[PDB]
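Raw protein_4.csv, CSV, N, CA, C and O atoms:
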```csv
chain,number,residue,atom,x,y,z
R,1,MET,N,-75.1,-43.8,5.1
R,1,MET,CA,-74.1,-42.7,5.5
R,1,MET,C,-74.8,-41.4,5.1
R,1,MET,O,-75.7,-41.4,4.3
R,2,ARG,N,-74.3,-40.3,5.7
R,2,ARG,CA,-74.8,-38.9,5.3
R,2,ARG,C,-73.8,-37.9,5.8
R,2,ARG,O,-72.8,-37.6,5.1
R,3,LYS,N,-74.1,-37.2,6.9
R,3,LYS,CA,-73.3,-36.3,7.6
R,3,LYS,C,-72.7,-35.1,6.7
R,3,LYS,O,-71.5,-35.0,6.5
R,4,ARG,N,-73.6,-34.2,6.4
R,4,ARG,CA,-73.3,-33.0,5.5
R,4,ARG,C,-72.4,-32.0,6.2
R,4,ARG,O,-71.6,-31.4,5.5
R,5,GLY,N,-72.5,-31.9,7.5
R,5,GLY,CA,-71.6,-31.0,8.2
R,5,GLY,C,-71.8,-31.1,9.7
R,5,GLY,O,-72.5,-32.0,10.1
R,6,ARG,N,-71.2,-30.3,10.5
R,6,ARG,CA,-71.2,-30.4,12.0
R,6,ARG,C,-72.1,-29.2,12.6
R,6,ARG,O,-71.7,-28.7,13.6
R,7,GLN,N,-73.2,-28.9,11.9
R,7,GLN,CA,-74.0,-27.8,12.3
R,7,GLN,C,-75.4,-28.3,12.6
R,7,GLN,O,-75.9,-29.2,11.9
R,8,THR,N,-76.0,-27.8,13.7
R,8,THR,CA,-77.4,-28.2,14.1
R,8,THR,C,-78.4,-27.2,13.4
R,8,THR,O,-79.6,-27.3,13.5
R,9,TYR,N,-77.9,-26.2,12.7
R,9,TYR,CA,-78.7,-25.1,12.1
R,9,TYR,C,-78.9,-25.4,10.6
R,9,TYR,O,-78.3,-26.3,10.0
R,10,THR,N,-79.7,-24.6,9.9
R,10,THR,CA,-80.0,-24.8,8.5
R,10,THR,C,-79.8,-23.4,7.8
R,10,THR,O,-79.8,-22.4,8.5
R,11,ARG,N,-79.7,-23.4,6.5
R,11,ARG,CA,-79.5,-22.2,5.7
R,11,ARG,C,-80.5,-21.1,6.1
R,11,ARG,O,-80.1,-20.1,6.7
R,12,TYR,N,-81.8,-21.3,5.8
R,12,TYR,CA,-82.9,-20.4,6.0
R,12,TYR,C,-82.9,-19.9,7.5
R,12,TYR,O,-82.7,-18.7,7.8
R,13,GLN,N,-82.9,-20.8,8.4
R,13,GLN,CA,-82.7,-20.6,9.8
R,13,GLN,C,-81.6,-19.6,10.1
R,13,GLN,O,-81.8,-18.6,10.8
R,14,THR,N,-80.4,-19.9,9.7
R,14,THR,CA,-79.2,-19.0,9.9
R,14,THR,C,-79.5,-17.7,9.2
R,14,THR,O,-79.2,-16.7,9.9
R,15,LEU,N,-80.0,-17.6,8.0
R,15,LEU,CA,-80.4,-16.4,7.3
R,15,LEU,C,-81.2,-15.5,8.2
R,15,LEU,O,-80.8,-14.4,8.5
R,16,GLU,N,-82.4,-16.0,8.7
R,16,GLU,CA,-83.2,-15.2,9.6
R,16,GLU,C,-82.5,-14.8,10.8
R,16,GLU,O,-82.6,-13.7,11.3
R,17,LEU,N,-81.7,-15.7,11.4
R,17,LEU,CA,-81.0,-15.5,12.7
R,17,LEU,C,-80.0,-14.3,12.5
R,17,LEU,O,-79.9,-13.5,13.3
R,18,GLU,N,-79.3,-14.3,11.3
R,18,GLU,CA,-78.3,-13.4,10.9
R,18,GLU,C,-79.0,-12.0,10.7
R,18,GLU,O,-78.6,-11.0,11.3
R,19,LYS,N,-80.1,-11.9,9.9
R,19,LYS,CA,-80.9,-10.7,9.7
R,19,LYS,C,-81.2,-10.2,11.1
R,19,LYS,O,-81.1,-9.0,11.4
R,20,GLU,N,-81.8,-11.1,11.9
R,20,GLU,CA,-82.3,-10.7,13.2
R,20,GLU,C,-81.1,-10.1,14.1
R,20,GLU,O,-81.3,-9.1,14.7
R,21,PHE,N,-80.0,-10.8,14.1
R,21,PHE,CA,-78.8,-10.3,14.8
R,21,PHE,C,-78.4,-8.9,14.2
R,21,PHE,O,-78.0,-8.0,15.0
R,22,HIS,N,-78.4,-8.7,12.9
R,22,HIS,CA,-78.2,-7.5,12.3
R,22,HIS,C,-79.3,-6.5,12.7
R,22,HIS,O,-79.0,-5.3,12.7
R,23,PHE,N,-80.5,-6.9,13.1
R,23,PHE,CA,-81.5,-6.0,13.5
R,23,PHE,C,-81.3,-5.7,15.0
R,23,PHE,O,-81.6,-4.5,15.4
R,24,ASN,N,-80.8,-6.6,15.8
R,24,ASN,CA,-80.7,-6.3,17.2
R,24,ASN,C,-79.7,-7.4,17.8
R,24,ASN,O,-79.8,-8.5,17.6
R,25,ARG,N,-78.8,-6.9,18.7
R,25,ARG,CA,-77.8,-7.8,19.3
R,25,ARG,C,-78.3,-8.5,20.6
R,25,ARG,O,-77.6,-9.2,21.2
R,26,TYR,N,-79.6,-8.3,20.9
R,26,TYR,CA,-80.3,-8.9,22.0
R,26,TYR,C,-81.8,-9.1,21.6
R,26,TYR,O,-82.3,-8.4,20.8
R,27,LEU,N,-82.5,-10.1,22.2
R,27,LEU,CA,-83.9,-10.4,22.0
R,27,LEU,C,-84.4,-11.0,23.3
R,27,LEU,O,-83.8,-11.8,23.9
R,28,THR,N,-85.6,-10.6,23.7
R,28,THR,CA,-86.4,-10.9,24.8
R,28,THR,C,-87.2,-12.2,24.5
R,28,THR,O,-87.4,-12.6,23.4
R,29,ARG,N,-87.8,-12.8,25.6
R,29,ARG,CA,-88.6,-14.0,25.5
R,29,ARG,C,-89.7,-13.9,24.4
R,29,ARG,O,-89.6,-14.7,23.4
R,30,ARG,N,-90.5,-12.9,24.4
R,30,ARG,CA,-91.6,-12.7,23.5
R,30,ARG,C,-91.1,-12.7,22.0
R,30,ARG,O,-91.7,-13.4,21.2
R,31,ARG,N,-90.0,-11.9,21.8
R,31,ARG,CA,-89.4,-11.8,20.5
R,31,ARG,C,-88.9,-13.2,20.0
R,31,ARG,O,-89.2,-13.7,18.9
R,32,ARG,N,-88.2,-13.9,20.9
R,32,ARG,CA,-87.6,-15.1,20.7
R,32,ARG,C,-88.6,-16.2,20.3
R,32,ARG,O,-88.5,-16.9,19.3
R,33,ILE,N,-89.7,-16.2,21.1
R,33,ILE,CA,-90.9,-17.0,20.7
R,33,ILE,C,-91.4,-16.6,19.3
R,33,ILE,O,-91.6,-17.5,18.5
R,34,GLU,N,-91.5,-15.4,19.0
R,34,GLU,CA,-91.9,-15.0,17.7
R,34,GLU,C,-91.0,-15.6,16.6
R,34,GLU,O,-91.5,-16.2,15.7
R,35,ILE,N,-89.7,-15.4,16.7
R,35,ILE,CA,-88.8,-16.0,15.9
R,35,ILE,C,-89.0,-17.5,15.8
R,35,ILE,O,-89.1,-18.1,14.7
R,36,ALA,N,-89.2,-18.2,16.9
R,36,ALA,CA,-89.5,-19.6,17.0
R,36,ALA,C,-90.8,-20.0,16.3
R,36,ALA,O,-90.9,-21.0,15.7
R,37,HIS,N,-91.8,-19.1,16.3
R,37,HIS,CA,-93.1,-19.3,15.7
R,37,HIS,C,-92.9,-19.1,14.2
R,37,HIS,O,-93.6,-19.9,13.4
R,38,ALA,N,-92.1,-18.2,13.8
R,38,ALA,CA,-91.8,-18.0,12.3
R,38,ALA,C,-90.8,-18.9,11.8
R,38,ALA,O,-90.7,-19.1,10.5
R,39,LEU,N,-90.0,-19.6,12.6
R,39,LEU,CA,-88.8,-20.4,12.2
R,39,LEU,C,-88.9,-21.8,12.6
R,39,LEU,O,-88.2,-22.7,11.9
R,40,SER,N,-89.6,-22.2,13.6
R,40,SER,CA,-89.9,-23.5,14.1
R,40,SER,C,-88.6,-24.1,14.8
R,40,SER,O,-87.9,-24.9,14.2
R,41,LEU,N,-88.3,-23.5,16.0
R,41,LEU,CA,-87.1,-23.9,16.7
R,41,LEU,C,-87.5,-23.7,18.2
R,41,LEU,O,-88.6,-23.5,18.6
R,42,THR,N,-86.5,-23.8,19.1
R,42,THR,CA,-86.6,-23.6,20.5
R,42,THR,C,-85.8,-22.4,21.1
R,42,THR,O,-84.7,-22.1,20.7
R,43,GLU,N,-86.4,-21.7,22.0
R,43,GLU,CA,-85.9,-20.5,22.7
R,43,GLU,C,-84.5,-20.7,23.2
R,43,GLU,O,-83.7,-19.8,23.3
R,44,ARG,N,-84.1,-22.0,23.6
R,44,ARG,CA,-82.8,-22.3,24.0
R,44,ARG,C,-81.9,-22.3,22.8
R,44,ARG,O,-80.9,-21.5,22.9
R,45,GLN,N,-82.1,-23.1,21.8
R,45,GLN,CA,-81.2,-23.2,20.7
R,45,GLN,C,-80.9,-21.9,20.1
R,45,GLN,O,-79.8,-21.5,19.8
R,46,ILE,N,-82.0,-21.1,19.9
R,46,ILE,CA,-82.0,-19.8,19.3
R,46,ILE,C,-81.1,-18.9,20.3
R,46,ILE,O,-80.2,-18.2,19.8
R,47,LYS,N,-81.4,-18.9,21.6
R,47,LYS,CA,-80.6,-18.1,22.5
R,47,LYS,C,-79.1,-18.5,22.4
R,47,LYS,O,-78.3,-17.6,22.3
R,48,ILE,N,-78.7,-19.8,22.3
R,48,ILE,CA,-77.3,-20.2,22.2
R,48,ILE,C,-76.8,-19.6,20.9
R,48,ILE,O,-75.7,-19.0,20.9
R,49,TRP,N,-77.4,-19.8,19.7
R,49,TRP,CA,-76.9,-19.3,18.5
R,49,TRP,C,-76.7,-17.8,18.6
R,49,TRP,O,-75.6,-17.3,18.3
R,50,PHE,N,-77.7,-17.0,19.1
R,50,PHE,CA,-77.7,-15.6,19.3
R,50,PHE,C,-76.4,-15.3,20.2
R,50,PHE,O,-75.7,-14.4,19.8
R,51,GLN,N,-76.3,-16.0,21.3
R,51,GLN,CA,-75.2,-15.8,22.2
R,51,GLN,C,-73.9,-15.9,21.5
R,51,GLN,O,-73.0,-15.0,21.6
R,52,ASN,N,-73.7,-17.0,20.7
R,52,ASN,CA,-72.5,-17.2,19.9
R,52,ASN,C,-72.3,-16.1,18.8
R,52,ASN,O,-71.2,-15.7,18.6
R,53,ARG,N,-73.4,-15.6,18.3
R,53,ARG,CA,-73.3,-14.5,17.3
R,53,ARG,C,-72.6,-13.3,17.9
R,53,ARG,O,-71.6,-12.8,17.3
R,54,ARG,N,-73.1,-12.8,19.0
R,54,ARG,CA,-72.4,-11.7,19.7
R,54,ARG,C,-71.1,-12.1,20.3
R,54,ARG,O,-70.2,-11.3,20.6
R,55,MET,N,-70.9,-13.4,20.7
R,55,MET,CA,-69.7,-13.9,21.3
R,55,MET,C,-68.6,-13.6,20.3
R,55,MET,O,-67.6,-12.9,20.7
R,56,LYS,N,-68.7,-14.0,19.1
R,56,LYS,CA,-67.7,-13.8,18.1
R,56,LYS,C,-67.6,-12.3,17.8
R,56,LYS,O,-66.5,-11.7,17.9
R,57,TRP,N,-68.7,-11.5,17.6
R,57,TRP,CA,-68.7,-10.1,17.6
R,57,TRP,C,-67.8,-9.4,18.6
R,57,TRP,O,-66.8,-8.8,18.3
R,58,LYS,N,-68.1,-9.6,19.9
R,58,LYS,CA,-67.2,-9.0,21.0
R,58,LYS,C,-65.8,-9.6,21.0
R,58,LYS,O,-64.9,-9.0,21.6
R,59,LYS,N,-65.6,-10.7,20.4
R,59,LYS,CA,-64.2,-11.2,20.2
R,59,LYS,C,-63.6,-10.9,18.9
R,59,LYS,O,-62.5,-11.2,18.6
R,60,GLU,N,-64.3,-10.1,18.0
R,60,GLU,CA,-63.8,-9.6,16.7
R,60,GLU,C,-64.1,-8.1,16.5
R,60,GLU,O,-63.7,-7.5,15.5
R,61,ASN,N,-64.6,-7.4,17.5
R,61,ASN,CA,-64.7,-5.9,17.5
R,61,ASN,C,-63.4,-5.3,17.9
R,61,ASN,O,-63.2,-4.6,18.9
R,62,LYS,N,-62.4,-5.4,16.9
R,62,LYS,CA,-61.2,-4.6,16.9
R,62,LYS,C,-60.5,-4.7,18.3
R,62,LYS,O,-60.1,-3.7,18.9
R,63,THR,N,-60.4,-5.9,18.8
R,63,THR,CA,-60.1,-6.1,20.2
R,63,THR,C,-59.1,-7.3,20.3
R,63,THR,O,-58.1,-7.3,21.0
R,64,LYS,N,-59.5,-8.4,19.6
R,64,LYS,CA,-58.6,-9.6,19.4
R,64,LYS,C,-57.3,-9.1,18.7
R,64,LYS,O,-57.2,-8.1,18.1
R,65,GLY,N,-56.3,-10.0,18.7
R,65,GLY,CA,-55.1,-9.9,17.8
R,65,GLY,C,-54.2,-8.8,18.4
R,65,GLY,O,-54.3,-7.7,18.1
R,66,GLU,N,-53.3,-9.3,19.3
R,66,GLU,CA,-52.3,-8.5,19.9
R,66,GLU,C,-50.9,-8.7,19.2
R,66,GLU,O,-50.2,-9.6,19.5
R,67,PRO,N,-50.6,-7.8,18.2
R,67,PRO,CA,-49.3,-7.8,17.6
R,67,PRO,C,-48.2,-7.3,18.5
R,67,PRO,O,-47.0,-7.3,18.1
R,68,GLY,N,-48.5,-6.7,19.6
R,68,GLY,CA,-47.6,-6.2,20.6
R,68,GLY,C,-48.5,-5.8,21.8
R,68,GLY,O,-49.7,-6.0,21.7
```
Whole structure given in structure tokens:
Amino acid sequence: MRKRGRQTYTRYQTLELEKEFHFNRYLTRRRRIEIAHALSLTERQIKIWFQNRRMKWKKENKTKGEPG
């Protein structure tokens, strides 16, 4: 048995991805490849995580939460 959590990501991975999102809310192919070369991942998975990062951002930029 094992199952530490429901995440496909890792600490270090998420750290860099978070720094990188703090650096830029978008990344192009070449950059994403660089991240994948530095981090050992796939442009897809990274794009999805990145997508989710700003997904929550645009759903948490003082816009959600209708008290009236």
Residue nearest residue R:40 among R:63, R:13, R:52, R:8 (counting only C-alpha atoms):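 With only C-alpha atoms as the atom set, the closest residue is R:13.
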Pairwise distance, atom CA of residue R:66 with atom CA of residue R:54, equals 20.4 Å
Mind checking DSSP for chain R and telling me the alpha helix (DSSP H) residues as a ChimeraX atom specification? /R:11-23,29-39,43-60
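Interatomic distance, atom N of residue R:16 to atom CA of residue R:29: 18.0 Å.
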For residue R:41, which residue among R:62, R:14, R:55, R:22 is the nearest when counting only C-alpha atoms? R:14
The residue from R:61, R:6, R:67, R:50 with the smallest atom-to-atom distance to residue R:24, counting only C-alpha atoms, is R:50
Need the neighbours of (-84.4, -15.8, 27.0): which residues are at most 7 Å away, counting only N, CA, C and O atoms, as an mmCIF file with N, CA, C and O atoms, in the frame of the given file?
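The file below, point.cif, is the result:
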```
data_model
loop_
_atom_site.group_PDB
_atom_site.id
_atom_site.type_symbol
_atom_site.label_atom_id
_atom_site.label_comp_id
_atom_site.auth_asym_id
_atom_site.auth_seq_id
_atom_site.Cartn_x
_atom_site.Cartn_y
_atom_site.Cartn_z
ATOM 1 N N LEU R 27 -82.500 -10.100 22.200
ATOM 2 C CA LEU R 27 -83.900 -10.400 22.000
ATOM 3 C C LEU R 27 -84.400 -11.000 23.300
ATOM 4 O O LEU R 27 -83.800 -11.800 23.900
ATOM 5 N N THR R 28 -85.600 -10.600 23.700
ATOM 6 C CA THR R 28 -86.400 -10.900 24.800
ATOM 7 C C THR R 28 -87.200 -12.200 24.500
ATOM 8 O O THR R 28 -87.400 -12.600 23.400
ATOM 9 N N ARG R 29 -87.800 -12.800 25.600
ATOM 10 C CA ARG R 29 -88.600 -14.000 25.500
ATOM 11 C C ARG R 29 -89.700 -13.900 24.400
ATOM 12 O O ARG R 29 -89.600 -14.700 23.400
ATOM 13 N N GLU R 43 -86.400 -21.700 22.000
ATOM 14 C CA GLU R 43 -85.900 -20.500 22.700
ATOM 15 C C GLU R 43 -84.500 -20.700 23.200
ATOM 16 O O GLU R 43 -83.700 -19.800 23.300
ATOM 17 N N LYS R 47 -81.400 -18.900 21.600
ATOM 18 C CA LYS R 47 -80.600 -18.100 22.500
ATOM 19 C C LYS R 47 -79.100 -18.500 22.400
ATOM 20 O O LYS R 47 -78.300 -17.600 22.300
#
```
Using atom CA of residue R:30 and atom CA of residue R:45 as the two end points, give the distance in Å to one decimal. 15.0 Å
